[PDB]
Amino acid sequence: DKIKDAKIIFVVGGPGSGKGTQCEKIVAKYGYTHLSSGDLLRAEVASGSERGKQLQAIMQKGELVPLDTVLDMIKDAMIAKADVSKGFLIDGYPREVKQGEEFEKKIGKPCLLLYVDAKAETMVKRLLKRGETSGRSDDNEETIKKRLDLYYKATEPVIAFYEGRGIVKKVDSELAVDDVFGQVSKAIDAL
C-alpha cells in the first residue's frame, strides 16, 4: 500500500496542449515517475500483440480506448515502481470522470491535478506541426478535430470534477515552455 500512500499527480489537458513536454521537465527536475497513458498504449502496439493491433485502430480514429485496459496498464506500472518511486506523474489519464473515479477505487487519490490549458486553435497548430515529422498517425487534421471534440466533451468535466475536489492548478500552456514550467514548479513546490 506504498502506492495508495504515494504522491500522485494527474496531468490533464487537450491534445497538443503540452502535457508531455511539461512532464519531461518535471522528471528532470523533481525525479517523479512519469506514466503516460499514450506511451503505455503505444508500447503495447509496439509489442506486435493482437491487443496492440486493436488499440492501434482505436487510437488512429482518435477515440478513447476501454477504461480497464488503460487503468490496468497504469496500475501495473505503478506497482512495478512502488518501492523506488519518489512520486507518480500520471499523464493523459484520467480523460473522463469515470476514469478518475475508478482510479480512486483501485489505486489511490491524487494530491494535485495540473491542468495544462491551451486554446483549441493553439492545439491544432501544434499538432499539425508535430505531424510533419512524428510517427503518430493521429496527427492529421480530421483526427485532430475528433480528439479535440472528445476532449471538450469527456475530459473537460474531469477538470471540473477535480476543481470541486479542490486540487486543480491551472498552468497557461500558451506561454513559452520554461515559463509554463515556472507555474508547474510553483504548484509542485506547494505540495
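In case it trips you up, residue 1 is the first one in the sequence shown, and so on.
- The question of which stretch, 15-23 or 172-180, has the higher mean Cα B factor is settled in favour of 172-180.
- Taking the mean C-alpha B-factor of each stretch as recorded, 74-82 and 116-124 are not equal, and the higher mean is that of 74-82.
- Taking the deposited Cα B-factors for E163, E44, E132, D149, the highest one is held by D149.
- Split the chain's modelled residues into thirds by C-alpha temperature factor. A154 is in the highest one.
- In the deposited entry, the Cα temperature factor of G52 sits in the middle third of values across the chain's modelled residues.
- When the CA B factors of the chain's modelled residues are split into thirds, the value for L89 lands in the lowest one.
- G108 sits in the highest third of its chain by CA B factor, as recorded in the PDB entry.
- In the PDB entry, a CA B factor belonging to the middle third of its chain's modelled residues is recorded for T33.
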